[PDB]
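Notes follow the structure.
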Amino acid sequence: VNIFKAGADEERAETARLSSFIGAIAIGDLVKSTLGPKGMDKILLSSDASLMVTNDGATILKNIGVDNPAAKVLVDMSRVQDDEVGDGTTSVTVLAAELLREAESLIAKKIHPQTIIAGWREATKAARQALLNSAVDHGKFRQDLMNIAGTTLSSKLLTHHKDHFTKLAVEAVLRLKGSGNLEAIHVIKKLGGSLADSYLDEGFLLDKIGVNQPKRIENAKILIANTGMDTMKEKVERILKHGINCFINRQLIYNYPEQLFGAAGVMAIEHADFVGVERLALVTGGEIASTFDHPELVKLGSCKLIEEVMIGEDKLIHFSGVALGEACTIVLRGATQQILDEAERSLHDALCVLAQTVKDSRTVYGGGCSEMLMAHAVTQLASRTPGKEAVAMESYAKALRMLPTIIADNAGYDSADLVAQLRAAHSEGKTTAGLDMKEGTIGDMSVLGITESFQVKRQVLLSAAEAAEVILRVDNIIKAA
Amino acid sequence: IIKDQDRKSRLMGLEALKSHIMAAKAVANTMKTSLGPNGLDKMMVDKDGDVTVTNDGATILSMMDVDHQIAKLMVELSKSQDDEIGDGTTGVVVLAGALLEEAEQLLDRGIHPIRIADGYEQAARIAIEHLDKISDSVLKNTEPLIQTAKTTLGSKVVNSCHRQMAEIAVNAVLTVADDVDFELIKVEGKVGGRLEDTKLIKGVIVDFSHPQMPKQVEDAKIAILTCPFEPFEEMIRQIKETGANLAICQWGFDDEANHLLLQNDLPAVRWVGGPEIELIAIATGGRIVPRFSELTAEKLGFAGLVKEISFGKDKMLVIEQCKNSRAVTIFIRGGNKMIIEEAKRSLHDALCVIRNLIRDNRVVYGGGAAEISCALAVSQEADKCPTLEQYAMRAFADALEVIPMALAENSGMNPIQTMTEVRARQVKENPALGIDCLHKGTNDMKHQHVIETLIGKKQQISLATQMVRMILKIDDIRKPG
Amino acid sequence: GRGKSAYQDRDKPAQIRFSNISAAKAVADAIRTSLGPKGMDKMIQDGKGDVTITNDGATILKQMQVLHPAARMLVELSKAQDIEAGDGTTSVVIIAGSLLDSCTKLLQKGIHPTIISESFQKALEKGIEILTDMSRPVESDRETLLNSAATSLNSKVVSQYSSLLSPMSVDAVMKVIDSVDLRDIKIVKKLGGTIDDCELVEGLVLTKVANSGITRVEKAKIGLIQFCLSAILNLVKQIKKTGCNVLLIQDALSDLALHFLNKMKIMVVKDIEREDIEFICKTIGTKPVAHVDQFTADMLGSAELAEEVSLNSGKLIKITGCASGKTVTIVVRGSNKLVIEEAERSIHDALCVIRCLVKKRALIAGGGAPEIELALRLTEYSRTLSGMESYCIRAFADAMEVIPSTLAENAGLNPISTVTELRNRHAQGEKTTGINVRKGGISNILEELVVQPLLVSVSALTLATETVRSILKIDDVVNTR
């Protein structure tokens with residue numbers, strides 16, 4: 001006469017659903033504060049007494065000890081939305097939550113979950129087709145590229161120098177634009193100076209190990225080596241039999257082998273960062289070899305210029321002019337440590353969106369403009385498809401209006417008035433009606449150069465929707481006390 | 001004095017009935033939600049913090065903290081149902097509960113437990129009599145088979161390509177059909193490619209050494225060789241003086257020996273696991289010889305075709321068209337090994353349902369149609385036979401309406417209002433009509449192509465009936481500790 | 001169920017806001033009583049027992065263990081202020097605690113946080129500009145450099161030798177005017193003689209171990225080594241191969257190793273503090289090699305003469321004449337540690353003041369003059385800027401009256417009354433109009449000889465505000481721990 005040991009909760013009926021959805025909702029509304037270029041970062045603290053001040057939702061959700069199954073789902077979403085583009089990370093999370101909160105609402109209305117999912121399924125797909133009619137199609141116009149990069153770098157700490165990084169991120173995507181290749185762009189984060197001192201090296205960069213070794217070797221056949229040159233003379237000899245002028249050792253090179261290198265005119269560099277050793281095999285073509293008894297004349301990469309310049313009083317080995325110049329290395333310099341690290345990723349993502357422009361030539365309008373259009377689209381459609389499907393599709397649209405609503409809240413500008421101002425002015429100004437926080441009023445998105453990348457929104461709508469559906473299909477889970 | 005120590009639980013009188021009722025009814029209500037294509041999924045997170053999103057009852061009960069004896073019994077019903085045919089692991093659970101849910105009623109009326117089992121037994125014995133009456137004995141019928149299989153691969157993760165899985169299932173069963181043996185069906189599973197790539201080989205798919213070697217041997221003379229060809233001209237010469245054109249080494253293979261064998265035009269595969277080497281001998285007939293000296297002209301196997309094909313950049317050796325391919329091979333490819341696991345399991349069920357069919361030409365109609373027809377029969381037969389067993393049969397029938405009622409429930413439509421149109425449209429247009437959870441209402445199942453093997457329902461009633469009966473005979477359980 | 005385990009913090013809106021303002025202010029109130037020439041000291045007895053009776057907010061905040069991060073923030077301000085200007089370390093916090101308490105007056109009303117942060121920024125951009133354009137930008141000028149050092153030496157136990165301490169400070173800085181690097185002017189104390197014996201040497205002077213070691217190398221080749229020299233002969237021999245005649249080990253030194261360094265004529269100084277090794281690195285150019293192995297001929301620094309001077313019966317390792325006088329040493333002599341402690345401390349200030357004067361050739365009259373100055377214009381700035389900013393800014397101006405109000409307080413005068421007298425004698429007068437706590441009433445501060453470099457105020461206002469503005473945006477921060 002007892003199915004679960006003393007202490008085994010049993011979520012039944014609504015309680016089960018109420019608990020499930022809310023859990024995700026809380027996590028969704030949490031990072032919600034960090035919305036728009038005017039949010040509120042959170043000072044997270046792990047178990048090692050660490051102060052983490054970030055505005056990026058993903059990172060925030062990765063440091064929070066999530067003790068809820070449903071929530072963990074959001075951690076995934078934010079982990080995907082962030083590894084694909086960048087911003088909007090908060091969006092996808094928040095939105096997904098509100099849906100569930102709207103779900104538990106219809107449930108209280110005696111509306112079976114399934115029909116709810118059906119409604120959202122229609123609404124979502126319906127809203128998708130819509131984002132197409134509004135999605136403006138662009139096409140090497142270094143102007144729009146800047147507008148897209150400048151909108152990705154914003155809403156962050158780089159917003160101060162976003163203009164500087166825009167030219168860099170765009171300059172690299174226009175040079176290495178053969179089919180959108182972000183694998184040919186190396187990021188060099190170094191401390192020493194402000195963020196306005198960062199540049200874009202037209203080649204691979206990896207910040208010698210001998211004053212007798214040739215510093216600047218014009219034509220050098222880079223030979224990558226993993227293992228170190230220590231137990232020595234046979235090491236330098238074999239390497240000399242392959243005919244190399246530039247030796248790159250990941251590990252440490254002994255003193256003796258180091259002497260034979262400089263005496264033989266073979267510039268070497270020990271202790272090479274693995275990340276810097278991996279790209280080298282993709283920038284110059286030098287195949288990485290294990291022991292010195294494995295490499296030959298086929299493990300030699302072609303480099304047209306390997307010099308060492310004391311940039312900012314720092315010795316930087318330039319491998320510029322590689323066989324396939326379709327590879328560079330944007331150098332970032334930050335005064336502190338978080339600034340440099342926060343800028344790095346900021347560029348990484350900036351490179352992603354650009355990778356979407358080089359393939360996905362579809363762009364949208366942010367500032368809650370896109371959503372408000374959806375909200376108005378799915379609505380008219382809801383009235384077309386009767387049955388519980390209606391209220392569902394309807395509640396879906398109203399849930400999409402929250403995007404700009406929150407964009408106005410974190411602005412100090414009343415949202416209740418914005419929703420009406422935006423929604424009404426959207427039915428008159430077409431899809432070119434978006435919110436402008438910096439003016440505290442609705443403005444034209446295309447006239448202000450505020451445009452997001454299709455991929456962004458599309459992913460969100462498709463993500464949250466379907467995902468939530470499953471979350472609404474569960475009504476009895478076994479977690480922890 | 002103290003008969004039973006502490007840490008026990010003694011159920012006497014109506015205490016035993018009640019406990020089981022509320023305990024089972026609950027577990028029956030849990031699975032009931034996951035019934036049908038609209039089934040509500042569940043997340044079973046044990047104490048290790050591992051997630052378990054499954055739609056199968058057995059998979060949910062195998063991770064549910066079951067302390068009560070009654071509940072454990074329901075866990076043995078889905079497990080048994082899942083270890084025999086698998087399909088419908090949900091039904092038996094929900095079914096068992098319903099019966100008990102009704103039983104309690106008869107109990108509170110003063111009707112003794114034993115008696116309840118009686119009526120439910122006679123009624124069940126008749127429930128089958130009817131289900132085996134409405135059936136339409138299916139035809140080597142390629143049309144119906146592929147259909148039945150699709151009715152098992154639906155509402156699952158392999159639904160996106162249920163067509164390919166069914167096709168393989170039919171041929172696999174038809175080939176090893178002679179009474180069909182599920183052993184003559186080898187299910188090889190390896191990472192690589194997708195689900196759509198899954199195929200079926202009329203031979204043995206053993207999971208080449210040299211390149212230029214014949215990547216296409218017609219009627220090979222497989223020279224099953226164990227000992228490695230390591231420390232090469234004389235060793236490879238003898239293998240060519242026997243007539244063999246396909247060398248199969250169980251151990252190493254010296255490169256030097258590979259080139260020499262190449263000049264002879266004999267493709268060979270080194271490092272062939274023991275099992276593989278043994279199976280290949282059972283497929284082509286080739287005899288396993290030790291040293292390369294015992295290799296004669298009668299130890300050679302004969303395979304219709306031996307070609308190494310890259311199944312999604314996963315190159316493997318295929319030994320099909322053998323003389324006596326008593327052992328078939330179903331190669332299930334796919335990306336995430338997790339998705340495949342789902343496909344391999346469903347395949348099992350897809351193949352078993354066909355077998356139960358081939359060895360019994362009788363099929364019914366799902367959607368509850370059958371359940372309704374029975375519930376009606378049992379009721380009328382309950383009247384034609386008075387005695388206290390009358391009320392029993394009636395209750396039994398009422399418990400045969402749950403399945404359908406549940407369908408309408410999980411579909412979103414009011415279970416009651418649904419059965420209204422069902423029971424009506426059913427008696428008017430024969431039991432060939434059921435509940436279409438897709439169109440929300442009634443419709444002819446035979447037309448919607450929603451058929452299900454007779455053994456499915458047949459066995460379902462049995463298992464559930466037998467277990468429930470047992471519990472009914474349980475009026476006291478002294479459990480120490 | 002649980003979505004947020006215990007022990008974890010989740011500072012929400014109304015709660016976190018109120019929390020950050022409340023205690024922070026309180027914390028400010030603490031050192032608030034230690035503001036002014038007649039401030040009130042507090043005996044800080046930590047756990048161990050070390051009693052610290054200081055009046056400087058920083059020396060207090062750093063001696064107190066802060067629990068929640070919100071309060072720690074103030075500690076960072078006084079700490080940042082103690083390095084950017086030295087003086088004012090007290091004010092900064094106070095002002096901050098005032099802005100917080102003032103802002104709240106706006107929150108309670110209904111004003112949204114972010115808007116407040118935005119507002120305070122405007123007042124900061126304008127505010128700071130006021131103090132500057134109103135300050136007195138005099139000529140570096142050798143004379144003024146001596147007046148800034150004199151006024152910072154008197155009122156102490158070094159006023160007796162301020163005339164000789166002022167110049168040394170001016171020379172020390174004139175040799176580091178790269179814009180002054182405090183960490184370039186290292187000070188070394190040496191009990192004995194008199195303070196009048198203080199001398200400024202051009203080179204890093206550390207605080208011999210090899211009797212036979214060259215206690216006076218003419219053309220030395222400094223060599224830094226972290227790894228200890230223990231088992232020995234091979235280690236010492238390698239040091240003489242680079243030409244190193246001045247081995248400076250950070251760890252210990254073995255006797256057998258000392259004997260080998262005494263035969264090769266290599267002056268060695270064992271057990272050298274980590275702080276010292278770093279200074280020798282940034283002064284001589286000698287790279288502090290970790291292991292004795294990595295030590296090379298390119299790690300050799302340049303020392304004109306590394307001798308062992310006996311400054312007042314003291315054996316110090318003088319290493320003047322370094323390559324690249326950025327590193328001046330001031331040998332302070334005094335009969336007792338007490339008189340020497342004052343000299344060193346008072347001197348430190350004489351340095352900090354000259355540092356502020358150079359980073360800003362301006363100077364504002366203290367006594368609450370600049371506070372009331374801003375408080376006035378800011379109150380007028382609001383009435384013209386409009387927006388919610390008005391109220392905010394006004395409170396931002398009234399929050400300044402605290403400084404002058406507290407002065408009269410710690411003076412015994414009526415804060416409220418006195419301030420009003422100031423505000424009136426300020427408008428009718430000039431910006432130099434302040435409060436003379438030494439006479440009890442208003443007076444011309446500038447004509448009283450109580451000036452303060454602009455850097456002092458600028459740093460305070462800038463830091464404080466930016467922070468206060470940020471905290472306002474701290475209304476949602478989970479600790480997740």
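Naming scheme: A, B, ... for chains in displayed order of the structure tokens; residues 1 onward per chain; ligands 1 onward as shown.
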
Exercise for the section: With a distance threshold of 8 Å and counting only C-alpha atoms, extract the residues of chain A near chain C and express them as a ChimeraX atom specification. Expected result: /A:9,19,23,30,33,38-47,63-68,211,410-412,479-481

Practice task
Report as a ChimeraX atom specification the set of chain B residues whose atoms approach chain A to within 6 Å, with distances computed over only C-alpha atoms.
Solution key: /B:19,40-45,65-68,412

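Going from atom CA of residue 205 of chain B over to atom CA of residue 246 of chain B, you cover 15.5 Å.
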
Practice task
Give the strand (DSSP E) residues of segment 348-443 of chain B, as DSSP finds them on the backbone, and put them as a PyMOL selection string.
Solution key: chain B and resi 363-365+433-436+441-443

Exercise for the section: Name the residues in contact with segment 353-357 of chain C at a cut-off of 8 Å, using only C-alpha atoms, excluding same-chain residues fewer than 4 positions from it; report them as a list in words. Expected result: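 In the requested format, the answer is residues 84, 85, 86, 145, 148, 149, 152, 169, 170, 173, 180, 182, 349, 361, 362, 363, 453, 454, 455 and 456 of chain C.
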
Handout entry: Contacts of residue 477 of chain B within 10 Å, only C-alpha atoms, excl. fewer than 4 positions in-chain, as an MDAnalysis selection string
Key = (chainID A and resid 1) or (chainID B and resid 8:12 16 69)

Exercise for the section: Pick out the residues sitting within 12 Å of residue 436 of chain A, and hand them over as a VMD selection string; count only C-alpha atoms, and ignore anything fewer than 2 positions along from it in its own chain. Expected result: chain A and resid 36 to 38 365 to 369 404 to 405 407 to 408 411 413 418 421 to 422 433 to 434 438 to 450

Practice task
Please identify all polymer residues within 9 Å of residue 332 of chain B, counting only C-alpha atoms, omitting same-chain residues fewer than 4 positions from it, and present them as a ChimeraX atom specification.
Solution key: /B:187-191,194-200,340,343-344

Write the residues of the preceding selection, restricted to N, CA, C and O atoms, as a PDB file, in the first residue's frame.
```pdb
ATOM      1  N   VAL B 187      20.422  -7.863 -37.512  1.00  0.00           N
ATOM      2  CA  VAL B 187      20.297  -6.410 -37.491  1.00  0.00           C
ATOM      3  C   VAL B 187      21.626  -5.746 -37.139  1.00  0.00           C
ATOM      4  O   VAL B 187      21.921  -5.501 -35.969  1.00  0.00           O
ATOM      5  N   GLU B 188      22.422  -5.458 -38.164  1.00  0.00           N
ATOM      6  CA  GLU B 188      23.725  -4.821 -37.994  1.00  0.00           C
ATOM      7  C   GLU B 188      23.546  -3.316 -37.817  1.00  0.00           C
ATOM      8  O   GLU B 188      22.891  -2.663 -38.629  1.00  0.00           O
ATOM      9  N   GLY B 189      24.132  -2.769 -36.755  1.00  0.00           N
ATOM     10  CA  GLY B 189      24.015  -1.345 -36.502  1.00  0.00           C
ATOM     11  C   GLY B 189      25.359  -0.656 -36.358  1.00  0.00           C
ATOM     12  O   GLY B 189      26.156  -1.012 -35.490  1.00  0.00           O
ATOM     13  N   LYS B 190      25.611   0.333 -37.209  1.00  0.00           N
ATOM     14  CA  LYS B 190      26.867   1.075 -37.175  1.00  0.00           C
ATOM     15  C   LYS B 190      26.649   2.563 -37.431  1.00  0.00           C
ATOM     16  O   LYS B 190      25.729   2.953 -38.150  1.00  0.00           O
ATOM     17  N   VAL B 191      27.505   3.387 -36.834  1.00  0.00           N
ATOM     18  CA  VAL B 191      27.420   4.834 -36.990  1.00  0.00           C
ATOM     19  C   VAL B 191      27.829   5.249 -38.400  1.00  0.00           C
ATOM     20  O   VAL B 191      28.764   4.692 -38.972  1.00  0.00           O
ATOM     21  N   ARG B 194      22.508   8.388 -42.468  1.00  0.00           N
ATOM     22  CA  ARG B 194      21.246   8.714 -41.817  1.00  0.00           C
ATOM     23  C   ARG B 194      20.317   7.508 -41.734  1.00  0.00           C
ATOM     24  O   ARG B 194      20.720   6.380 -42.015  1.00  0.00           O
ATOM     25  N   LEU B 195      19.072   7.760 -41.344  1.00  0.00           N
ATOM     26  CA  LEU B 195      18.074   6.706 -41.201  1.00  0.00           C
ATOM     27  C   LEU B 195      17.603   6.199 -42.561  1.00  0.00           C
ATOM     28  O   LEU B 195      17.375   5.005 -42.748  1.00  0.00           O
ATOM     29  N   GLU B 196      17.459   7.122 -43.505  1.00  0.00           N
ATOM     30  CA  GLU B 196      17.008   6.798 -44.853  1.00  0.00           C
ATOM     31  C   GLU B 196      17.947   5.825 -45.558  1.00  0.00           C
ATOM     32  O   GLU B 196      17.532   5.077 -46.444  1.00  0.00           O
ATOM     33  N   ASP B 197      19.213   5.838 -45.157  1.00  0.00           N
ATOM     34  CA  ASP B 197      20.216   4.974 -45.763  1.00  0.00           C
ATOM     35  C   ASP B 197      20.084   3.502 -45.376  1.00  0.00           C
ATOM     36  O   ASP B 197      20.614   2.628 -46.061  1.00  0.00           O
ATOM     37  N   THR B 198      19.378   3.229 -44.281  1.00  0.00           N
ATOM     38  CA  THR B 198      19.188   1.855 -43.823  1.00  0.00           C
ATOM     39  C   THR B 198      18.729   0.964 -44.974  1.00  0.00           C
ATOM     40  O   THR B 198      17.832   1.332 -45.733  1.00  0.00           O
ATOM     41  N   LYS B 199      19.344  -0.209 -45.100  1.00  0.00           N
ATOM     42  CA  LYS B 199      18.992  -1.139 -46.167  1.00  0.00           C
ATOM     43  C   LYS B 199      18.926  -2.581 -45.678  1.00  0.00           C
ATOM     44  O   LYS B 199      19.095  -2.858 -44.490  1.00  0.00           O
ATOM     45  N   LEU B 200      18.677  -3.496 -46.610  1.00  0.00           N
ATOM     46  CA  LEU B 200      18.590  -4.919 -46.304  1.00  0.00           C
ATOM     47  C   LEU B 200      19.398  -5.715 -47.323  1.00  0.00           C
ATOM     48  O   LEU B 200      19.216  -5.558 -48.531  1.00  0.00           O
ATOM     49  N   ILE B 340      19.160   6.119 -33.993  1.00  0.00           N
ATOM     50  CA  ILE B 340      19.198   4.762 -34.525  1.00  0.00           C
ATOM     51  C   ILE B 340      18.659   3.747 -33.520  1.00  0.00           C
ATOM     52  O   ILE B 340      17.894   2.854 -33.884  1.00  0.00           O
ATOM     53  N   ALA B 343      15.254   3.552 -33.896  1.00  0.00           N
ATOM     54  CA  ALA B 343      14.903   2.899 -35.151  1.00  0.00           C
ATOM     55  C   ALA B 343      15.071   1.385 -35.073  1.00  0.00           C
ATOM     56  O   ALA B 343      14.218   0.635 -35.550  1.00  0.00           O
ATOM     57  N   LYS B 344      16.171   0.940 -34.475  1.00  0.00           N
ATOM     58  CA  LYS B 344      16.440  -0.487 -34.345  1.00  0.00           C
ATOM     59  C   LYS B 344      15.368  -1.172 -33.506  1.00  0.00           C
ATOM     60  O   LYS B 344      14.928  -2.276 -33.827  1.00  0.00           O
TER      61      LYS B 344
END
```

Practice task
Using only C-alpha atoms, determine which residues lie at most 8 Å from residue 326 of chain B, disregarding the query and same-chain residues fewer than 4 positions distant; provide the list as an NGL selection string.
Solution key: :B and (176 or 184 or 203 or 283)

Practice task
Enumerate, as a ChimeraX atom specification, the complete set of residues in segment 286-481 of chain B that a backbone-based DSSP assignment places in alpha helix (DSSP H).
Solution key: /B:337-358,369-383,389-398,402-411,415-428,445-448,454-472

Problem - Separation of atom CA of residue 417 of chain C from atom CA of residue 375 of chain C in Å - result: 16.4 Å

Completion exercise
Expressed in Å, the length from atom CA of residue 309 of chain A to atom CA of residue 349 of chain A is 28.9 Å
